[PDB]
Every structure is written in C-alpha cells, then in structure tokens.
Amino acid sequence: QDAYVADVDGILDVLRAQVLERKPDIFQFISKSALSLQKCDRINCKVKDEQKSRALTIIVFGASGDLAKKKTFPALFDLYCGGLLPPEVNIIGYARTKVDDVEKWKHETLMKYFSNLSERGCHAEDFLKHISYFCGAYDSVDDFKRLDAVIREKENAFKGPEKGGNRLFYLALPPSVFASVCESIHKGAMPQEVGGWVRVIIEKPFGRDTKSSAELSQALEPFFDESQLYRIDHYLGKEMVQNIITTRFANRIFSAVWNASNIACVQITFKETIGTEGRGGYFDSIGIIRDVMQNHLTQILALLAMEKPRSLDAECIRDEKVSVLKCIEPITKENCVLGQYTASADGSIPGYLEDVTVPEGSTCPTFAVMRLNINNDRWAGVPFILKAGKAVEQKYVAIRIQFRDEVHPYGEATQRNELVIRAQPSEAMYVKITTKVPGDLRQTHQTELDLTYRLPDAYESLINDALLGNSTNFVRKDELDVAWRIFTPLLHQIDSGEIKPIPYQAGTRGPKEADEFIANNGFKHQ
Amino acid sequence: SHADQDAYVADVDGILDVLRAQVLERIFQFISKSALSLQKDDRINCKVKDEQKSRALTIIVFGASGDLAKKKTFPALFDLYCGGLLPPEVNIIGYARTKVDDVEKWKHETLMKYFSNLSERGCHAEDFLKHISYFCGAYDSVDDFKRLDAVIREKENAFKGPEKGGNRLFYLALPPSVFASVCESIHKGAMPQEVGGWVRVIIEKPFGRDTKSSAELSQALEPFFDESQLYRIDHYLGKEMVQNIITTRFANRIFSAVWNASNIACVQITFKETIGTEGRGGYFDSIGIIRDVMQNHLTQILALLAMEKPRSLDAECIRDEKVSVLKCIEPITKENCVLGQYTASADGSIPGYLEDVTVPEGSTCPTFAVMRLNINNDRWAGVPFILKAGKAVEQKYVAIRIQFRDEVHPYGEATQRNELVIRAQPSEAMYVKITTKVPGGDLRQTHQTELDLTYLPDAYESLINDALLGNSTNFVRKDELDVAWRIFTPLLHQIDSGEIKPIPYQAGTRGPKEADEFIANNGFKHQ
Amino acid sequence: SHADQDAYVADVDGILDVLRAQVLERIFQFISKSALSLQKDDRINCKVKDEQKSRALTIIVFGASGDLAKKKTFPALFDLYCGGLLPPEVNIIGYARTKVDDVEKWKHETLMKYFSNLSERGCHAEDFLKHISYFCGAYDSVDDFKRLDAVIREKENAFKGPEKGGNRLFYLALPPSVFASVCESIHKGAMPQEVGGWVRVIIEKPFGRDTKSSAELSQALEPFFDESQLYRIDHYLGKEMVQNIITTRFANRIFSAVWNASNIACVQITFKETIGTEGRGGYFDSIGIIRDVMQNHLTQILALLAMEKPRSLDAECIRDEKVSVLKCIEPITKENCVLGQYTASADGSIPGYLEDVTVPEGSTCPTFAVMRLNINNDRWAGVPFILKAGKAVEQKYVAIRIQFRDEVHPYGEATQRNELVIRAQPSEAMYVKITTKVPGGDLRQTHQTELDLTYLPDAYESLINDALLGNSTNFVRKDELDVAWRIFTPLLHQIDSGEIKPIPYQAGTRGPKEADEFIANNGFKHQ
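Next comes the structure, spelled out in structure tokens:
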C-alpha cells in the first residue's frame, strides 16, 4: 500500500487548506475539521401508538409530475427509512395517464429520484411494495369511488386494533384543479364512518392576490376546514421555527430585547444561486414576490414578530401569526427595489430574458428588497426588510436581527449586536457581541456565541407534521387573507409598471440600489 | 419605563455629542447658544508604551525588607519584568531601616528566594536584579529623603533617552501608621524634578477600620498627594474580572438592556476560601471578615457591577459612577446579616478559629458573613444584592452570579431562570445559562445550555501595571472609600456592641445552615 | 508580521508532519485524538522511466495534416525521440480526413520536410518514421473511432513487454470548435482497454476568448475527461523557467524570506518580439495581444511567481496554489492599462499593422499592452505587478524582473536597489544585482555585481514530455483558467467598447512613450 501514503496526504492537504483559509489561533481546528470530514440496517419504528393503531393511506395526486416524483415521493421515502411512517402504510400515486407496467413506473418514475445513500438505497424495494399506481380523472366522482374501494380494500385488511382508516391526500397539482379534487374526495372517498381523519395538503400558489386567494379559499371550505387543510410551504423548517420561538420566549434575556427599544432593524433573507432554469415562462406569471416573499418570508416574519401565544398549541401560535400580520401596513412602491438578472459571467446561467419561454419586454422581478412597517407597540418604527433573490452570489436563508448600538461609552470600540438564525446553507444560530481581549478596556473583540445544540429535512418535517396533525407551520385561511392584503397593492403597482426592475448580473449580490436601500432603512454594515 | 431611563441618558449623551461636534470647530456661552438652536428642529519582549520608554522611571519600594515587599511586591515587579511591561531603563530601589553591607547578598537572600522559580522566569532572575538598588534610611528624617533625592537624580540624569527629569512611583509597603510621615517626607524633598515627571504613591490596606479612622488617614495624606496621584491598592481585584463586568455589559445592547430591576431577580457576589487564619489572629481578630474583604474587595466589585453608564471609559468617569451608586446603598442592617465563626473540621485536620495562641480566648470575631444590601435607585430598587465571604469553607471560589426573572409563560417548567456568572477563582470563567430547543419534535422539549462569553500577570501584578500606566479605575478614590465605610460602619458597630453573634460552623462546610436559609429567603432559587 | 505569516504556515505544516509521522503507524478520528495530545506539551540513449517502457503507448496526433501538427507537433515528437525520451516501442498515429494511398510518401513530404535538419538529428529521421502510422477518418463518426480502437489494440497487443493494455495520449492539433465531438468520440469507443492504460488529451489554444466562451468549452469537455486527464497546453512555458521560479525561491530561505511586500518594490513580467503579424490578421485581429500571450502565458508565469507555499511539489498542490493567488487579483482596470498598435518602421522595411490585406481597415486591435495588476493579499498588497507584451518592438526578450526596496541607510548613493532577473529569451539567464565592496580602502567604495544563479528539448517539447510523464504543473487547470479569464474579461470588454484606445508606435521602437511613463509611474526606478 503506497496508496495509503497517498490518501492520508490528501487528507492532510485538505486540513492544511482549511486552516490557512480560516487562520485559527490550530490543534483544535484540525480536531473539529477531521470530525466534520467524517461527520443493511433494520428500520426501527419511531411512530406513536395512535399512529400504529389505525391504517394510514397517503394519496399523492399528480404522482408522475415533477413535484411529486422529484420531491414528494423521495420525502416519503426518507420518512419511511427514518421510521416515521406506520409499518403498514399505504401510499397511492394517482395520475391521469394509463400505465401498462406499474412496477416499471415505480422503478423508472420514482426510484430514480430516491436518495442514493447507502443506508437509504437498501430500503427502496421494501418501500415500493407500499406503493400502488392509480389511474383516474381529477374531477369524476366515480373515479374517486373506484379509488375509495381500492383503499377500503387495504384498510379493512389492516393487521391492527382500530377499524376504518386515516387518509392524507397530497394535491401535487396546479391550483386550478384543487376545488374539483376536493369536491370529488368529499363525495367519493372520505374515510369510513367507522373511523379515521381526512387531511389534505395543497401546494402554492394560493392565488396571486387578495381576491383570487379568497375565491380559492371559498371554493375549498365547503369540503375541508382548517383542521383538515394544510397549505404547505416547503421551506419552513421545524428547526428554524424552534429557534425563533424557544430562544426568545423561554428566556428573559431574549424576551426583554425583542422589541422597538432595543432593535434597530430585522432582515429576512432568501438567496439562491440558481436561475429559472428554462422554466422562465412559468415564473414570468408569478415573480419573486408571489413566489417566496408573500408566503415563505412572511410566515417567518409572523413567527418572529408575534406577541406571546396563550400556549404552545398550534392554533394559539396561528392566532398570534394572524394578529401581528394584521398590524402590518400595505407595502408601498417607495419601499421596494426590484431586480432582473442578466447572464452570469461564465454563461452557466443565461440571462432571464435569454430564455425563449420568457416573452419579449418582460419586467418580471427575479429579485426584490422591500420594507414592511409593523404598526404596534412592540415594533413601531422598526424596519423589517424582506429580501429574496434568484441567481445571486450564494445559497442562503437567514434572519438577521441587529440591535441598537451602545454609543457610550465604548464608542468605536463596540458595534451593534446581532442575533442570526440561519437555515441555509446549514443551520446556525448565534449572537455577535463585543467582549474584552485577554490592559485597556478600549481593546475589544467581536465574537460569535453559538446558541445551537440524520434528522428529517424541512419538507419532510412538514409532511410528518401533517401526519401528526400539527398545524403550526402551515398558513391558516385568515392568516393567508391578511398576508395578501399586505402585498396586493404593491403587486398592482408593479403590474401597472410603476416600479421597474434594475438589471443585475447573475452571480452578483443584486442591484447596488438594493444594498443602499438596506443601509438607508436602519442597517449598518461595520 | 426602565427603557425610558436608559433612553433619557442616551438622549442627554447624544445632545452632548452634537455640542461636542460643533464646539470642536471654533467657550461656555457657545454651549448655551447651540443649546437653544438644537432645540429648534525565552526573551522578554518589550510591550511597553512609547511615553513609558521615553522618560526615566524609579520605583521606590519603601519597607523593602518587610514580608509584604519581599514575598509579594518584588516578585510581582519581577513578573512584570518577565512579561516585558517594565521600561528597559527601570530603576528600582528598596528602602528600609536596617543598614546593609553586601547589597548583592541582600538581593539574593532577602529578595531572590521569593522570586518565581518557574523555568520560563528562572532565566531572568539575575537580569532583573541589575535594576535593583538598596537604600538605608528612616521614614521621617528630611535628611534621608534629600539623600534619596540625590541618588534618584543620579540614576535619572544617566537615562539615555529624549525627555529629561524622571517619573517616580513610591510604593509604601509599610504599616499605615507611617504613611503620613513618609508622604510629608517625599513632599519636602523627594518629589520629581521640576523639568518633568509624574509622582504616584501606592498605599496598602488597611485603609482605616471605619468611617472615622479611614477619614483621618485621608485628611492626613491629602495635604501632600491628590487623587490623581494616590493609589489605594486592593491585591485581589483583577483586570480580567473588571473588564468582564464593564465590557460585557456596557459594550452590548443585549446585556445592558437587562441589567436592572425589571429583569434581574437577585445578585450574589461570593468570596470563598478553604484556608483558615491559623497563626494570624495577630491581624485577623481585630479586623474580621467584613472589614477584611467585604467593605473593600466585594464592594468595589459591587460598585462596578451596579453603576450607571459612564459617558466614557476615562478612569475618573468610571470612578464618578462607582461613587454615585455607592451613595444609593442603604447602610447594612443587623437584620440583613448572618455571621459565622469556624471550629475544627469534622475530620479534625483543620483547627478551629479560637484554637490559636494569637486569638483572644472567647473571641466573637466573624470568619464568615452573608448580607443583603438594598440599592435604592430607579435601576435597582427591590433587587436583592447578597454579599458572601467566608474562611475555611468547602471550596475556593470567587464569582458574581446574576439570576434573572423567570419567563413563566409560555414554557413553564420547560424553562427556568437565566443566569450570568462571572467567575475569577479558582479560574476565570464567564457564561450565561439559557434554555434552548433540542433537535429531534415538540416545542416543550428543551435543554439548559451554558454559553461561554470568554474569548499573563496576575491580579496584583496588573494593578501595579495600571498604576505605572496611570490608570485609576480599579483603585478606590477618597470619596468612594468614605461612602463604602458609611455603608458598613453602623453594622460593624452593632457587631462590636454584641447585638448579633456568629454561628459556629465546622471548617470545611459551606458555613452556617442559617446562611443558606437567609440566601433562599432573599430571592434566590436553586437550579 | 511578514515573518509571522510565513511562520504560521511553517507551524501548520510542522503540525501536519507530526500527525503524518504518527498516523503512518496504525482514520480521521486519530487526527483529532493526536491533535488534542500534541497541544499538551550519435546514438539515442534511452532516458525513459521504467513504468514508461513497461506498458504500450500510442500517441494519436489528430489533424495530422494541419500546419500546427506537421510544422510543430511532429518535429517536436521527433526531438523527444532524438533526445531518448519516447519509449522504444512508441506508436504514433497521425489522424486526418484526407484519404492517402502511399503512406510512406506522406511521412516524407508532409512530415519529414519539417523535421530538424541539424546533423545530430538528420541521422535519426528515417528511424523515427518507422514508429508513425497514418489513419484516415472524421472527428464525429463513432464508426471511425471503433476502427481506430481496433488499429490501436493491434499495435498494443503486439507490445513485447510485461503489462497488458496500452497508454494513450490523444493530441488534438485541431480547431477548438471540434474538441467536444472528438472527445465524445474517444469516450464512446477509443478509450484505453479495461485491463490497463491511462488516457490523456492535449488540447490547443485558444481556450475561449473570455469568461463565458472559455467556460462553455470547459463544460463541453468535462463530461468526457477530468482534470487529471485534460492538458491545456501553452507552447511558450518552458521547464527551465518554471524551475527557476519555484526552486530558486522555495528551496532557499534567503529568497523565500524576501519574496513579499516588505522587501519587493515592484515586479515586471515582459514578453517582447521584433516580429510583427504580417499576413496573420487572419487570427490576430480577433484575438489581440492581451488574449494572445497575456491572459494565458504571462498570467501562468505570474501565478507561479506570486503563489503561496505549496505543502509539496505534487502537481495538483502547485496548481491549488496558482488558483488561490489568481483569486486574489483584482480585475484589471482600464485605468491601469496602456495599449499600442504598430505602424511601419522608420526605415520602412517592416509594414504597419493596418497595412495588411487580412486586417480590417481602421482596426483598433492592440499589438502592445502594458498593465498594472493588484494582488490583494498579505504577501502582495500594494506591490505593483506590471505585465508587458508587445509585437514588432526593439528586441526579442522574455524575463521576470524583481526590483527590491532600497536600503537608503547607511550607504545612500553608494548603494542601489537589488534586483533579481529570470530571463528565458533570447536565452536562459538568472541573476541577482547586489552591491559589493571593492578591494583597495573606504567603506563607501562599492560596485554593482550580477551574481549568476545558473548551474535539451525546448519549451514546447518539454510540455509534451511532462504530459507523457503525467505532470500537470505547467498546464492550466479548469478552475485556474476561469479565474484568469475573470481577471482579464472586464478590461477586454472596455477595450471592445472603445473606452480606451491604442497609441501608434513605429515598428522597431520600444513602443508608446506613454508605456514607459506608465511603468516609471508604477514604482520602477531605472538603474
């Protein structure tokens, strides 16, 4: 083995490069990079006794679609491998296209997208056995009755104590067919009277403005109520929400500074390096604000800014999400800077307008910075900045709370404290403070305190949440309405051409004007 | 309301800053005019400073043959040398009454025995002695100090550097009874040359034993040396702890905003030793635990911890703040004080306090004290402050512990009181206890976690260093000292008048069970 | 401080060495455990290698009838043969589209005309042709490459040596537009046999003309060949100069310690030719002097000269270092660039650049460029780096010149700036200029002396050799190439957008007077 002399040398070569980049004050850095450089098992079932007590069926509508096959089904697979699905779980992919060989479909359409991880891949065949294919319409009651019978079949065979069955319907569909699917389920394939709940996950967009969103909510409410309805936002992780709620509400120190008299500004940032990737045509209808800001970032804001919930029960948290959103003034055009990406320097990302499926003269924003004003006692005069961008300089999602400076007495020997909650590209939560350096008090150091102590990922966390019936991280009907009332005037102004996106090059941070806007609305760089 | 007090201070400071920004471009009457108008809208690496190596320096250790000087002061100067913080042309003169013949054998047999043997310093011992002279004199003869003056000028004019004259630190490693005469002596004829040089005088505890005694000494010294020159030293107050107290709080909005009645449930400052007093009733019995470390050591720590915000980090600004907060403290009452005196350890290895030839039989002198102070101001009213000191207890510990109020809602028993600890002994440590989420998934599944806020000459050494650098922060000012004595003297009288009595406790225990009951009855909740 | 950076690297490297010394006696987790614990303390003489003559080798020169291949590549392989650095069983196949009948007349009339006539090689010409075959094919038909594959295996299985299979160097002497298809073709069915053999592919400039164009090619080739296999060749970078740059510095404390901001006043890399472009506006006018030799040739020289210390002489370690330093370079600005275009010589023998049928009338294309780069890192911040390239100038020269800061004190005008020169053209030379005493007797009587640090296939030939030996050092890696393009592309855009303009200079002069003013205004002092 003269290839043992080699591989360890490469290991060392990597450690070397890590330390010379970071430049620690070195033994301990090597120690904690060696362990980050490492970082046929039976599935132990981690499911509650209520979950194993009744049959479960999960029906994914749109099963051969890109969302369902690249995201939903792999997610369910991960949950299965993690023991978070009951042992006798039934999953049915429902789609409109006839399939000769369902077993081929399973291998070719689903297994292809399963995590090729060693400790996952060897469960794939066992997982496929829990999956059926079902071919039907999304609007024909008789097809749902035929579905109902296929399910009752599996339910009534359940090797377990309670009768009937729980049914989770995942609508991996365009919003245009939701009303008809829901009506079809109502009439055709609700759970057996003998026992079981019905839950329905629906995907964005939830309309594109107050009116359209309300119309869609009125179209669904006669069939499913807010205990049954689960408007999923894929990006909102369990781990970041615990960061937002526990760190603050369980602690006097953080509770006491979480307000107007101690906070200079709050910024919620969503950054990706990817562009639209050929699908510009679809995005051109939606734009960055509707895509992630009115939904994802606003739910983050809500959770960050809410008053204290009467309890940690899901609907109490949702009540407070609603109340704080109700205090937010509609965003004005003057508090909004738009961007539209041009080609990256290496051309790996063609310009947004180079996409043939984007119509000539498109003014669609791929980037947006804006300021929200929360008019209540806790937040009055505190700038909340939402920032979202495609084809910018890195992949990143974080909350940055910047606290007011203590001018006296440290002056320039201190700077504003920050609390950062990051979810991407990895989870971190930390406070920047100034501390002494180990004669003069004026000699100080900015330091970062880590507050953060294979778990499921954000999307998997939400599906698990829906299976356990925890509504916390899902936008409720009333919450949604209020969110649309924050953004809709701005969207009208943008659709009437009153704001124009500034071109930025893909791979850069975005328009210089967006950074100046942040610095003009209460943020200091230091 | 708590937020408005801090806001009022921050407004005033902001107004003064814009006056400052104007009145630094071309007089009292410009303040008033701008006021109306604002309304309308190995080898010693030398680390020493330039000024330090720019003029000559003589350190005179008076009483140089006494225990304090040879076992503490000179070894401490030795460490500053090794750590490269003495100027390279440093002159050091031990002054004392005994006449000596072989100066070099004195440096070796009286001084060197007590230097640091550690191998990182062993090398430097002989180097450091080249800087030391001996001088034989009394502490009252004007003659001797004129003789000293000539010897100093000899060494000063020999300095090979730009500025003339010489700076002089007079260190009185002496009994306080002689401070007044030595100081008058230095005034009459051993002050620095007219051409240039500061003078500074380090004096040693005790600084009296009550309000009256302490003020006599202050009146005695103040004709000769002012508060920019006098340095009343406390061996135990270290730089590292002082910075932890001031910086961590005042540089940071997060801590500053919670440093008050509205957020803090209770505060304890603790000084604990396993050692007793054996064979030192000679000093201790007259002094007691309260005068030994509580009136002087714990109270300066308190002052630094409780003070309002100083406008800058200038030393006298900080000291102004120490004085103002001390003035808000009610004189300690006998109703708020639990005393102890130690007896022999259960195991019978450590002898009791009274079991000592040098201790008056039947002595009532406390080796232990726990007390509650009330700070009557907007920031602190109602907040229990507990001072605790004890000899011959279970462990050697010195720490501040701040206990914050619970957020009962909505985590309940899934959370508990945040704390902040600043420890100096047995080692430096500063942390906050807070409650965090655990990954893997109910909101009420929580952990306690201690955040480490942490990012070298010892305490004593760094005080000598600050005095060389001309920094008064950690030294008790005349006014400050008076107020502290007024806080403690009435209780000390009630103690001498027998009105409260020490409870016995076996050496090696926590102390009197009543002390812990006292603490828990004064707002502290055990974690 | 400069000494501490180097010391930090040398410490880290020393720690990794003691880990290496341990972890070579019986796993990542042993690094962490050892980390905590370290803290607590005439005839062709065959010169070829054994591995080289141990398995079969086929060199396939694609585009074998093109000018590059017949006038350069094959004569270069011929010289390697004569110098005894081709394996003795070497198979060489020229591949091309024209069908040929008399293979032997092709070798003589298309190839041999251009071999070296020199009498030391004349003898070997016919010898070398026995190793050459012809193959007629296209660059996209999977068929032809399956046919080639069979022909190669024929020659490979016929090898009279120990190891089976055969190593294959594919040389694409082709226009870059066909690189992608030829590479896919080789992937689909002409890779080396499964049993054994490496594959390597030499590709020829241009490697795009900007960041975008270059990255397209990289993405195009990377599905089929990785960076251990691809060899982007630069005909002009010679072994002898590369070793002068790396060894002279990194093997020697004396040079290593002075290779930084604290010691170096300014650095110029110069590429100068007397020849012009006459009758080659066909390539040049689209390219310009900056893309021709500066983005590619001068910048690799810069990278090698400016890089931080690699942990070893392993090729990819050196390349890692080239990339890191290139990443520290600010994109060149139009404010830091002086351009020229040549006109007819004063004597009227050489015609101007625009005086050529193959050159767009009114062309603005630079034949000359001087520019300042800023390298923003601890080692180089503030140090002027000047790149200079020019066609039709006064002499044929290629050299690095490092100018060190004066020691003004105490020799004054009896000394001047030390320099280090590494010259490759018109001949190899490496020297330092320093100031020495003269014998016979004042200390200020001094001389300048040039110390000669000096102690064979040409540049191009030695690159083909390195590729046969599997050494990537002097070849631009994919990441490296991208960064270089990012340094030059924004300036190239400002040039194409007309924002700066070339100054005319008569062929045979130094170039534009403004260029020399520029240089002297960027830290260089004439000796």
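Here the protein sequences line up with chains A, B and B', keeping their order. A prime marks a further copy of an entry chain. For the first sequence, the residue numbers in PDB author numbering are 10 to 34, 36 to 49, 56 to 454, 458 to 472, 479 to 551. For the second sequence, the residue numbers in PDB author numbering are 6 to 31, 36 to 50, 57 to 455, 458 to 472, 480 to 551. For the third sequence, the residue numbers in PDB author numbering are 6 to 31, 36 to 50, 57 to 455, 458 to 472, 480 to 551. Beta carbons are placed, not taken as given, at the ideal position from N, Cα and C, and that holds for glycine.
- In this model, A:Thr358 and A:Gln258 are separated by some 37 Å (Cα to Cα).
- Residue state for B':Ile519 is assigned as helix, using DSSP reduced to three classes.
- Going by beta carbons, B:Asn132 and B:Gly99 fall outside the 8 Å limit.
- Contact between the region 385-393 of chain B' and the region 340-359 of chain B' is present: 3 or more CB-CB pairs across the two stretches fall below 8 Å.
- Per DSSP, A:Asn389 is not a residue of any alpha helix (DSSP H); the beta strand (DSSP E) it occupies stretches across 383-389.
- Taking a C-beta distance under 8 Å as the contact criterion, B:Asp300 and B:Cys198 do not qualify as a contact pair.
- Membership of A:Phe93 in the alpha helix (DSSP H) is indicated by the continuous run 89-97.
- Contact with chain A is found for B:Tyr426, since one of that chain's Cβ atoms lies less than 8 Å from the residue's Cβ.
- For B:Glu434, the enclosing beta strand (DSSP E) covers residues 434-440.
- With fewer than 16 neighbouring CB atoms inside 10 Å of its own CB, B':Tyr298 falls in the exposed class.
- Taken through DSSP and simplified to helix, strand or coil, A:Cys352 comes out as strand.
- Burial is judged here by how many other beta carbons sit within 10 angstroms of a residue's own beta carbon; B':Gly405 has at least 16 and is buried.
- Membership of A:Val447 in the beta strand (DSSP E) is indicated by the continuous run 444-452.
- An exposed status is given to B':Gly397, since fewer than 16 other beta-carbon atoms sit within 10 Å of its beta-carbon.
- Scanning chain A for C-beta atoms nearer than 9 Å to the C-beta of B:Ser243 yields nothing, as the closest lies near 18 Å away.
- In terms of beta-carbon proximity, A:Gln48 lines the interface with chain B', with at least one pair separated by less than 8 Å.
- Here B:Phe130 has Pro90, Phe93, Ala140 as same chain residues with Cβ atoms under 6 Å from its own Cβ, once five neighbours each way along the sequence are excluded.
- Of all alpha-carbon atoms in B':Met322, B':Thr289, B':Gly296, the one lying nearest the alpha-carbon of B':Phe265 is that of B':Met322.
- Minimum Cα-Cα distance from B':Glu467 among the listed residues B':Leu487, B':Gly455, B':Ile449, B':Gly458 corresponds to B':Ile449.
- The Cβ atoms of B':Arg268 and B':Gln244 do not sit closer than 8 Å to each other.
- Take B:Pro177, set aside five residues on each side of it, and the residues of its chain with a beta-carbon closer than 7 Å to its own are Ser69, in chain order.
- Between A:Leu354 and A:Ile511, the C-beta spacing is not below 8 Å.
- Look at the region 310-333 of chain B: the residues with a C-beta under 8 Å from a C-beta of chain A are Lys324, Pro325, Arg326, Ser327, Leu328, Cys332.
- In terms of beta-carbon proximity, B':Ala15 stays away from the interface with chain A, with every pair separated by 8 Å or more.
- The three-state reading of DSSP puts A:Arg510 in helix, counting H, G and I together.
- Distance between B:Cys138 and B:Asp57, taken at the CA atoms: about 8 Å.
- In the DSSP assignment, the residues bridged to B':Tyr412 are B':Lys287.
- According to the DSSP assignment, B':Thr463 belongs to the beta strand (DSSP E) that extends over 463-469.
- At a cut-off of 8 Å between C-beta atoms, A:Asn278 counts as an interface residue with respect to chain B.
- When secondary structure is reduced to three states using DSSP, B:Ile107 falls in the strand class.
- Residue contact check for A:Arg25 against chain B': a CB pair falls below 8 Å.
- Ranked by Cα distance from B':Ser360, the options B':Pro528, B':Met127, B':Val340, B':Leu402 are led by B':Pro528.
- For the pair of segments examined, the region 143-153 of chain B was found to touch the region 111-124 of chain B: the number of CB pairs separated by less than 8 Å reaches three.
- Note that the C-beta distance between B:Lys254 and B:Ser486 is below 8 Å.
- For A:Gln551, the three-state secondary structure derived from DSSP is coil.
- Distance from the CA of B:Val157 to the CA of B:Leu505, rounded to the nearest whole angstrom, comes to 30 Å.
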